[PDB]
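J.: Got structure.txt for you, compact mmCIF, C-alpha atoms:
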# COMPACT_ATOMS: atom_id res chain seq x y z
CA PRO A 1 128.13 138.09 136.35
CA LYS A 2 128.70 138.05 132.59
CA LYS A 3 126.26 136.06 130.46
CA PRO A 4 127.58 132.84 128.88
CA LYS A 5 128.51 132.56 125.23
CA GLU A 6 125.43 131.86 123.15
CA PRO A 7 125.01 128.15 122.35
CA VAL A 8 125.27 126.27 119.07
CA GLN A 9 122.16 125.37 117.06
CA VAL A 10 121.49 121.65 116.49
CA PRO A 11 118.44 120.02 114.81
CA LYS A 12 115.36 120.03 117.02
CA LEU A 13 113.89 116.82 118.37
CA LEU A 14 110.12 116.75 118.03
CA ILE A 15 108.96 113.25 118.95
CA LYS A 16 110.66 110.10 120.19
CA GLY A 17 108.87 106.85 120.81
CA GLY A 18 107.59 103.58 119.43
CA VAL A 19 106.50 102.61 115.96
CA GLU A 20 103.46 104.95 116.08
CA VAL A 21 105.69 108.01 115.65
CA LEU A 22 105.95 108.02 111.83
CA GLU A 23 102.35 109.28 111.52
CA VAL A 24 103.27 112.87 112.43
CA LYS A 25 102.51 115.71 110.05
CA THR A 26 105.87 117.40 109.55
CA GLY A 27 107.12 120.13 107.25
CA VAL A 28 109.32 119.54 104.25
CA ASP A 29 112.81 119.22 105.77
CA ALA A 30 111.88 116.37 108.11
CA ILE A 31 114.50 113.72 108.77
CA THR A 32 113.93 110.50 110.68
CA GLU A 33 116.15 107.77 112.12
CA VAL A 34 114.93 104.20 112.51
CA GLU A 35 116.71 101.77 114.86
CA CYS A 36 115.82 98.17 114.05
CA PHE A 37 117.26 94.71 114.46
CA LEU A 38 116.70 91.41 112.69
CA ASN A 39 116.53 87.93 114.02
CA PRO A 40 118.92 85.33 112.65
CA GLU A 41 117.12 82.22 111.48
CA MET A 42 119.78 79.53 111.64
CA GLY A 43 117.32 76.64 111.47
CA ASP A 44 116.19 76.16 115.11
CA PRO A 45 116.53 72.36 115.56
CA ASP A 46 114.04 72.46 118.44
CA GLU A 47 112.47 75.12 120.63
CA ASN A 48 115.16 74.81 123.30
CA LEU A 49 118.32 75.47 121.28
CA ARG A 50 117.38 78.70 119.52
CA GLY A 51 119.84 80.18 117.06
CA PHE A 52 121.76 77.06 116.01
CA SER A 53 121.82 74.37 113.36
CA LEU A 54 121.42 70.65 113.81
CA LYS A 55 124.34 68.20 113.84
CA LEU A 56 125.99 67.91 110.46
CA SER A 57 125.86 65.03 108.02
CA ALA A 58 129.47 63.92 107.68
CA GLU A 59 129.86 62.07 104.35
CA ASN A 60 127.12 61.10 101.93
CA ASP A 61 127.15 60.18 98.26
CA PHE A 62 127.72 62.88 95.69
CA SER A 63 124.51 61.57 94.07
CA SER A 64 122.18 60.54 96.92
CA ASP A 65 122.94 63.52 99.15
CA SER A 66 119.70 64.33 100.97
CA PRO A 67 119.93 66.89 103.79
CA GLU A 68 117.09 67.92 106.04
CA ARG A 69 115.58 71.35 106.51
CA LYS A 70 116.68 71.66 110.14
CA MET A 71 120.39 72.23 109.35
CA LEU A 72 120.59 75.01 106.75
CA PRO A 73 121.26 78.70 107.39
CA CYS A 74 118.86 81.07 105.65
CA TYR A 75 118.54 84.72 104.71
CA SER A 76 116.58 86.88 107.13
CA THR A 77 114.26 89.44 105.58
CA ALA A 78 111.74 92.04 106.71
CA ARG A 79 109.62 94.94 105.49
CA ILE A 80 109.20 98.31 107.21
CA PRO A 81 106.04 100.26 106.25
CA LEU A 82 106.17 103.98 105.81
CA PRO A 83 103.38 106.57 105.85
CA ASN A 84 102.40 108.52 102.77
CA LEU A 85 103.78 111.87 101.70
CA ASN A 86 100.29 113.01 100.79
CA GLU A 87 101.50 116.34 99.46
CA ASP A 88 100.65 119.06 96.97
CA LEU A 89 103.31 119.25 94.28
CA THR A 90 102.67 120.84 90.90
CA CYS A 91 103.27 119.41 87.39
CA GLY A 92 103.24 115.81 88.57
CA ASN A 93 106.18 115.87 90.96
CA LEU A 94 106.19 113.44 93.85
CA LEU A 95 107.93 112.96 97.19
CA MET A 96 109.39 109.59 98.19
CA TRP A 97 111.51 108.39 101.08
CA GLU A 98 115.27 108.12 100.51
CA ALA A 99 117.55 106.03 102.72
CA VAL A 100 120.77 108.00 102.99
CA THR A 101 122.98 106.49 105.68
CA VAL A 102 123.20 102.99 107.12
CA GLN A 103 125.26 101.94 110.17
CA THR A 104 125.61 98.27 111.06
CA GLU A 105 126.95 96.75 114.26
CA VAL A 106 126.84 93.12 115.35
CA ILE A 107 124.97 92.42 118.60
CA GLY A 108 126.04 89.62 120.91
CA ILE A 109 129.71 89.33 120.09
CA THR A 110 130.91 88.38 123.56
CA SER A 111 128.74 85.30 123.95
CA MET A 112 131.54 83.35 122.22
CA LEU A 113 133.93 83.94 125.14
CA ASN A 114 131.91 81.53 127.30
CA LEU A 115 134.19 78.52 127.04
CA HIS A 116 132.35 76.32 129.56
CA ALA A 117 129.42 75.56 127.28
CA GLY A 118 129.78 71.88 126.49
CA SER A 119 132.59 71.96 123.95
CA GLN A 120 134.89 69.05 123.28
CA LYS A 121 137.91 69.15 125.58
CA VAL A 122 140.80 70.79 123.76
CA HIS A 123 143.67 68.97 125.55
CA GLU A 124 144.30 67.06 128.79
CA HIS A 125 142.88 69.36 131.50
CA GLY A 126 142.15 72.48 129.46
CA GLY A 127 138.99 74.48 129.02
CA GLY A 128 136.50 74.65 126.17
CA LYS A 129 137.11 75.32 122.51
CA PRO A 130 135.83 78.65 121.14
CA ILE A 131 133.97 79.03 117.86
CA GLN A 132 136.24 79.03 114.81
CA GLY A 133 135.80 78.21 111.14
CA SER A 134 134.21 79.77 108.09
CA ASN A 135 132.42 83.03 108.82
CA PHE A 136 130.00 84.91 106.57
CA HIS A 137 128.39 88.33 106.93
CA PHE A 138 125.89 89.95 104.57
CA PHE A 139 123.35 92.78 104.80
CA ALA A 140 121.31 94.85 102.35
CA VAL A 141 119.27 98.06 102.41
CA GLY A 142 116.98 99.21 99.65
CA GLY A 143 113.55 100.15 98.38
CA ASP A 144 113.05 96.94 96.40
CA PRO A 145 113.42 93.29 97.44
CA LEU A 146 116.87 91.82 96.97
CA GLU A 147 116.81 90.40 93.45
CA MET A 148 119.34 87.59 93.63
CA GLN A 149 121.15 85.15 91.37
CA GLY A 150 120.96 81.38 91.17
CA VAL A 151 124.24 79.58 91.91
CA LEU A 152 124.55 76.18 93.51
CA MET A 153 126.97 73.26 93.64
CA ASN A 154 126.27 69.52 93.30
CA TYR A 155 122.97 69.90 91.45
CA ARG A 156 122.12 66.24 92.11
CA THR A 157 121.27 66.95 95.77
CA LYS A 158 117.64 66.47 96.79
CA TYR A 159 116.58 69.40 98.96
CA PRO A 160 113.71 69.15 101.45
CA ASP A 161 110.42 70.88 100.80
CA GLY A 162 110.50 73.66 103.38
CA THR A 163 113.12 75.40 101.25
CA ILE A 164 112.86 77.40 98.05
CA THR A 165 115.54 76.21 95.62
CA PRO A 166 116.26 77.02 91.98
CA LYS A 167 113.91 75.15 89.67
CA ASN A 168 115.34 72.43 87.38
CA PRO A 169 119.13 72.49 87.85
CA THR A 170 121.53 71.06 85.31
CA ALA A 171 125.29 70.70 85.32
CA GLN A 172 125.32 74.17 83.72
CA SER A 173 123.69 75.64 86.85
CA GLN A 174 126.93 75.24 88.85
CA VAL A 175 128.32 78.30 87.03
CA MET A 176 126.63 81.48 85.73
CA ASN A 177 123.18 80.57 84.43
CA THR A 178 120.25 82.84 83.61
CA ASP A 179 117.17 80.68 84.15
CA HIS A 180 117.53 80.41 87.96
CA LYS A 181 116.26 83.79 89.16
CA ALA A 182 114.05 84.50 92.17
CA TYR A 183 112.96 87.28 94.49
CA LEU A 184 113.41 87.18 98.27
CA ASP A 185 110.01 87.11 99.96
CA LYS A 186 109.89 84.31 102.53
CA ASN A 187 111.87 83.98 105.75
CA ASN A 188 113.81 80.83 106.69
CA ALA A 189 113.43 79.14 103.30
CA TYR A 190 116.13 80.66 101.09
CA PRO A 191 119.31 78.70 101.92
CA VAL A 192 122.71 80.36 102.06
CA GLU A 193 124.42 77.83 99.82
CA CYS A 194 122.08 78.35 96.86
CA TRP A 195 121.71 82.10 96.29
CA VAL A 196 124.02 85.10 95.94
CA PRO A 197 123.01 88.65 94.90
CA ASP A 198 122.61 89.32 91.19
CA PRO A 199 125.09 92.00 90.07
CA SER A 200 123.04 92.84 86.97
CA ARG A 201 119.62 93.97 88.17
CA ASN A 202 119.75 95.89 91.46
CA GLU A 203 119.84 99.57 90.62
CA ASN A 204 118.00 100.34 93.83
CA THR A 205 119.59 98.40 96.71
CA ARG A 206 123.10 98.36 98.19
CA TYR A 207 124.42 95.02 99.39
CA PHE A 208 127.67 94.52 101.30
CA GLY A 209 129.25 91.20 102.15
CA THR A 210 132.44 89.30 102.76
CA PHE A 211 133.41 85.66 103.01
CA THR A 212 136.27 83.58 104.37
CA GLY A 213 136.28 79.83 104.01
CA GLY A 214 138.56 77.74 106.18
CA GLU A 215 139.00 74.69 108.34
CA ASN A 216 139.96 76.84 111.33
CA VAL A 217 140.36 80.62 111.17
CA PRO A 218 139.56 83.15 113.92
CA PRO A 219 136.31 85.09 113.49
CA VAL A 220 137.21 88.77 113.64
CA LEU A 221 134.48 91.12 114.85
CA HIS A 222 134.66 94.89 115.05
CA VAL A 223 132.30 96.99 117.17
CA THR A 224 132.21 100.81 117.27
CA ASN A 225 129.32 103.25 117.48
CA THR A 226 131.06 106.02 115.56
CA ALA A 227 131.42 104.23 112.20
CA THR A 228 129.31 105.57 109.35
CA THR A 229 128.66 103.72 106.09
CA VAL A 230 127.45 105.95 103.26
CA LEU A 231 124.85 104.85 100.68
CA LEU A 232 125.08 107.37 97.85
CA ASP A 233 125.67 106.61 94.17
CA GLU A 234 127.56 108.65 91.56
CA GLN A 235 124.65 111.02 90.98
CA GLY A 236 123.64 111.70 94.59
CA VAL A 237 120.66 109.46 95.36
CA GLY A 238 120.42 106.55 97.74
CA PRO A 239 117.81 103.86 97.67
CA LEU A 240 114.49 105.34 96.68
CA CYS A 241 111.28 103.69 97.89
CA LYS A 242 109.08 103.25 94.81
CA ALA A 243 106.20 101.89 96.82
CA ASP A 244 105.98 103.02 100.42
CA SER A 245 107.96 100.09 101.78
CA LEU A 246 111.54 99.57 102.89
CA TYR A 247 113.06 96.12 102.38
CA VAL A 248 115.90 95.20 104.72
CA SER A 249 117.52 91.79 104.30
CA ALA A 250 120.55 90.46 106.12
CA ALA A 251 122.23 87.21 107.13
CA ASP A 252 125.18 86.37 109.43
CA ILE A 253 127.08 83.14 110.05
CA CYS A 254 129.83 83.37 112.65
CA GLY A 255 131.55 79.98 112.60
CA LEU A 256 131.55 76.39 113.76
CA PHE A 257 130.77 75.25 117.30
CA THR A 258 131.80 71.84 118.64
CA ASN A 259 129.40 69.94 120.89
CA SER A 260 130.22 67.51 123.69
CA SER A 261 130.51 64.38 121.54
CA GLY A 262 132.62 66.33 119.05
CA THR A 263 130.17 67.51 116.39
CA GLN A 264 130.60 70.85 114.65
CA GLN A 265 127.53 72.97 114.16
CA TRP A 266 126.79 76.49 113.05
CA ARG A 267 126.34 79.79 114.87
CA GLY A 268 124.51 82.98 114.00
CA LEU A 269 124.05 86.31 115.73
CA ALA A 270 121.75 89.27 115.31
CA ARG A 271 122.42 92.48 113.42
CA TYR A 272 121.59 96.10 114.15
CA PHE A 273 120.70 98.85 111.67
CA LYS A 274 120.13 102.59 111.74
CA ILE A 275 118.69 103.97 108.52
CA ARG A 276 118.50 107.73 108.22
CA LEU A 277 115.72 109.00 105.94
CA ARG A 278 114.78 112.14 104.02
CA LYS A 279 112.31 113.45 101.40
CA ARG A 280 113.43 113.72 97.77
CA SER A 281 111.75 115.65 94.99
CA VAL A 282 111.40 113.24 92.07
CA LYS A 283 109.48 113.54 88.82
CA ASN A 284 106.86 111.27 87.28
CA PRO A 285 108.21 108.74 84.73
CA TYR A 286 105.12 106.92 83.44
CA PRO A 287 102.59 108.57 81.06
CA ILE A 288 99.21 110.09 81.97
CA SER A 289 97.32 107.26 80.28
CA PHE A 290 97.97 104.68 82.99
CA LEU A 291 95.35 105.14 85.70
CA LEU A 292 92.59 104.91 83.10
CA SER A 293 94.27 101.89 81.50
CA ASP A 294 93.58 99.85 84.62
CA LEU A 295 90.33 101.57 85.65
CA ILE A 296 88.51 100.59 82.47
CA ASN A 297 89.92 97.07 82.49
CA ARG A 298 88.40 96.20 85.89
CA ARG A 299 84.81 97.21 85.05
CA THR A 300 84.04 96.35 81.41
CA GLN A 301 83.13 92.74 80.62
CA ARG A 302 85.61 90.24 79.22
CA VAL A 303 84.77 89.35 75.62
CA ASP A 304 85.81 86.09 73.95
CA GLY A 305 85.89 87.50 70.43
CA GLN A 306 87.49 86.07 67.36
CA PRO A 307 91.05 87.18 67.94
CA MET A 308 92.73 90.27 66.52
CA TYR A 309 96.17 90.37 68.15
CA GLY A 310 99.26 88.44 67.13
CA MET A 311 99.92 85.76 64.54
CA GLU A 312 96.27 84.73 64.38
CA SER A 313 94.96 88.13 63.27
CA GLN A 314 92.13 88.52 60.79
CA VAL A 315 92.62 92.18 59.93
CA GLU A 316 93.64 92.34 56.28
CA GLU A 317 95.00 95.86 55.76
CA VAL A 318 95.08 99.09 57.78
CA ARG A 319 95.65 102.56 56.36
CA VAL A 320 96.30 105.87 58.11
CA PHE A 321 95.42 108.92 56.03
CA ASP A 322 96.88 112.11 57.47
CA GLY A 323 97.29 115.54 55.90
CA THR A 324 97.04 116.10 52.14
CA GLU A 325 99.07 115.92 48.92
CA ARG A 326 98.91 115.71 45.11
CA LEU A 327 97.66 112.73 43.11
CA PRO A 328 99.96 109.66 43.08
CA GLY A 329 100.14 108.27 39.55
CA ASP A 330 99.90 104.82 41.14
CA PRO A 331 97.21 103.70 43.59
CA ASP A 332 98.84 100.32 44.30
CA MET A 333 101.90 101.88 45.93
CA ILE A 334 103.02 101.09 49.49
CA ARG A 335 104.33 103.78 51.83
CA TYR A 336 105.53 103.47 55.43
CA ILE A 337 108.02 104.90 57.95
CA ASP A 338 111.31 103.05 58.15
CA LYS A 339 113.05 104.27 61.33
CA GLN A 340 112.75 108.07 61.36
CA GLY A 341 111.86 109.26 57.86
CA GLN A 342 109.09 108.67 55.35
CA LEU A 343 110.08 106.04 52.82
CA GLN A 344 108.15 104.55 49.90
CA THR A 345 108.90 101.52 47.74
CA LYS A 346 106.94 99.94 44.90
CA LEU B 1 74.03 106.53 103.55
CA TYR B 2 74.12 103.90 106.29
CA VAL B 3 70.90 103.95 108.30
CA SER B 4 70.57 101.24 110.93
CA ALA B 5 68.23 100.81 113.85
CA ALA B 6 66.95 98.34 116.44
CA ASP B 7 63.75 98.43 118.51
CA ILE B 8 62.66 95.95 121.17
CA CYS B 9 59.42 97.05 122.81
CA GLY B 10 58.64 94.75 125.70
CA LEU B 11 57.43 91.22 126.26
CA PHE B 12 54.26 89.79 124.79
CA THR B 13 53.10 86.84 126.87
CA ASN B 14 51.50 83.65 125.56
CA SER B 15 48.62 81.70 127.07
CA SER B 16 50.58 79.03 128.94
CA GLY B 17 53.16 81.45 130.34
CA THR B 18 55.91 81.19 127.71
CA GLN B 19 57.13 84.75 127.20
CA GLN B 20 58.59 85.91 123.91
CA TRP B 21 60.11 89.08 122.51
CA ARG B 22 58.49 91.66 120.24
CA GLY B 23 59.56 94.71 118.28
CA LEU B 24 58.13 97.09 115.70
CA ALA B 25 59.21 99.13 112.70
CA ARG B 26 60.99 102.45 112.77
CA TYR B 27 60.22 105.35 110.46
CA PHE B 28 62.98 107.68 109.36
CA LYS B 29 63.30 111.03 107.64
CA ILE B 30 66.56 112.60 106.48
CA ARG B 31 66.97 116.14 105.18
CA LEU B 32 70.09 115.91 103.01
CA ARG B 33 71.87 118.81 101.35
CA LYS B 34 74.95 119.60 99.27
CA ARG B 35 78.08 120.22 101.35
CA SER B 36 81.38 121.57 100.04
CA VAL B 37 84.70 119.93 101.00
CA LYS B 38 88.31 119.95 99.84
CA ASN B 39 89.88 117.05 97.93
CA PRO B 40 91.61 114.73 100.42
CA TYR B 41 93.62 112.62 97.94
CA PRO B 42 95.51 114.38 95.14
CA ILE B 43 96.41 112.23 92.14
CA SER B 44 99.86 111.48 93.57
CA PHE B 45 98.38 109.14 96.18
CA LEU B 46 96.01 107.93 93.48
CA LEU B 47 99.07 107.04 91.41
CA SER B 48 101.00 105.20 94.13
CA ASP B 49 98.32 102.52 94.48
CA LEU B 50 99.09 100.91 91.10
CA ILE B 51 102.72 100.33 92.04
CA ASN B 52 101.65 98.81 95.34
Could I get this structure in the form of structure tokens?
T.:
Amino acid sequence: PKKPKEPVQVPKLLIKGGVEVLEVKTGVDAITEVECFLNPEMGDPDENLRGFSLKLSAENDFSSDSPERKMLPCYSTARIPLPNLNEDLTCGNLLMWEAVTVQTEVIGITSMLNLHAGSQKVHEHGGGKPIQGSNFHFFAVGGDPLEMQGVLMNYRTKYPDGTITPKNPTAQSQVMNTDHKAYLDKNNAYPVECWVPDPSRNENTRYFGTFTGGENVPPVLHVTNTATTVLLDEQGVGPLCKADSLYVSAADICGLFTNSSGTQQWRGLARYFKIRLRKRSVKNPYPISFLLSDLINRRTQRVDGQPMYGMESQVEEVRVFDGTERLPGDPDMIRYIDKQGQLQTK
Amino acid sequence: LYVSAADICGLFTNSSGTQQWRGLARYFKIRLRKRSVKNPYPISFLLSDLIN
């Protein structure tokens, strides 16, 4: 009996399991894979009807429009801790966790086929109406929280107080405005109709999203566990994790669902992720005089002196003697440095 | 150096029968010395705390 052909080398599994697996001492070329889902927070009108919105307000004033908090979709957010790379690099190099490859896939797509779920009757003796209308899908992977832009419409609407809205809207806020920024740090309070990602600031995340508005369009879903969405930039780095944290934020609205009396309401589903990780060799950016800067300022007493910084200074004149030279036939001269060279006026 | 101790040494008894607890002091003696180790936290981990 001849021996078989010798097999093909693959990367070696070392530990599978729960969340307590990340605490393993590995070598340098370690790679991990983290499978995680997020809940959709569509509003939850009671405890019994999880994952929906409440019945919609049909027509209010353009001025006295006052919704309630139980009927707004919101962005779902979460934070994954990571363990330290407590390592031994020379000349101030560090090691931080990079998130190379994402792969998203919507969970629960065939719940919408259930037509006998209390819809309004579509014709004489027919079945139930499926979910159709404006869909929305949005997810984001990065080492920093999703810094997002303020945009709303109809600024004269009075939000309820469970939500976080842009502060002090004007008529100018309905287009690109600067003074309506916020971070994303609180689940089920950031409404979908009031925030979009800021294209200016996020050097560290990657957001993907698409939108289709309509009275009645079919929601198209697409499920495949061989798709692979790449997260590299032009230079070759993904999201770095500055602090040991990994911020994943996502939100999904599938469409409009009609109840038994004929009221449209919203529908959300969950979302799956699979972030692959790796160790990058980065360098230190900040100066050496930083640790001490804070260490002294949390031990020495606070002094309420007579001030010496800013437009209320009481220093008259400062001089910096450095090096030597010949006698200047004028002692009342003034010498300084303009932008790069040594200049001297009268 | 965290030194902690607890001593309960029986039951003193009163005159009308009401018992109550009693304990006493505890001496200690420690013979310290100077032990070598290796640095557990290099300044990298010391640096990451400020960002956090």
J.: Restricting the calculation to only C-alpha atoms: of B:50, B:43, B:8, B:3, which residue gets closest to residue 29 of chain B?
T.: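 Closest to residue 29 of chain B of all the choices is B:3.
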J.: Atom CA of residue 77 of chain A and atom CA of residue 40 of chain A are how many Å apart?
T.: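 According to the coordinates, atom CA of residue 77 of chain A and atom CA of residue 40 of chain A are separated by 9.4 Å.
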J.: Wanna dump the chain A-chain B contacts at 8 Å for me, each residue with its shortest atom pair and the distance in Å to one decimal, counting all atoms listed in the file, ordered by chain and number, as a tab-separated table?
T.:
residue	atom	partner	partner_atom	distance
A:84	CA	B:45	CA	7.7
A:86	CA	B:45	CA	6.3
A:87	CA	B:42	CA	7.6
A:88	CA	B:42	CA	7.2
A:92	CA	B:44	CA	7.4
A:94	CA	B:44	CA	6.6
A:242	CA	B:51	CA	7.5
A:243	CA	B:52	CA	5.7
A:244	CA	B:52	CA	7.9
A:291	CA	B:47	CA	7.1
J.: Counting all atoms listed in the file, which residues come within 12 Å of (60.0, 94.5, 119.4), with the point read in the file's coordinates, and could you list them as a list in words?
T.: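 It turns out the residues near that spot are residues 5, 6, 7, 8, 9, 10, 11, 12, 20, 21, 22, 23, 24, 25 and 26 of chain B.
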J.: Dump as a count of residues only all residues having an atom at most 6 Å from (124.6, 68.6, 91.8), computed in the file's coordinates with only C-alpha atoms.
T.: 5
J.: Any idea what the distance is between atom CA of residue 273 of chain A and atom CA of residue 227 of chain A?
T.: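 It comes out at 12.0 Å.
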J.: As an exercise, work out the distance from atom CA of residue 107 of chain A to atom CA of residue 263 of chain A in Å and give it to one decimal place.
T.: 25.5 Å
J.: Which residue out of A:149, A:216, A:135, A:9 has the minimum interatomic distance to residue 182 of chain A when all atoms listed in the file are used?
T.: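 Ranking A:149, A:216, A:135, A:9 by distance to residue 182 of chain A, first place goes to A:149.
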J.: Contacts of residue 27 of chain A at 12 Å or less, counting all atoms listed in the file, minus same-chain residues fewer than 4 places along, as a list in words?
T.: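 In the requested form, the answer reads residues 14, 31, 85, 86, 87, 278 and 279 of chain A.
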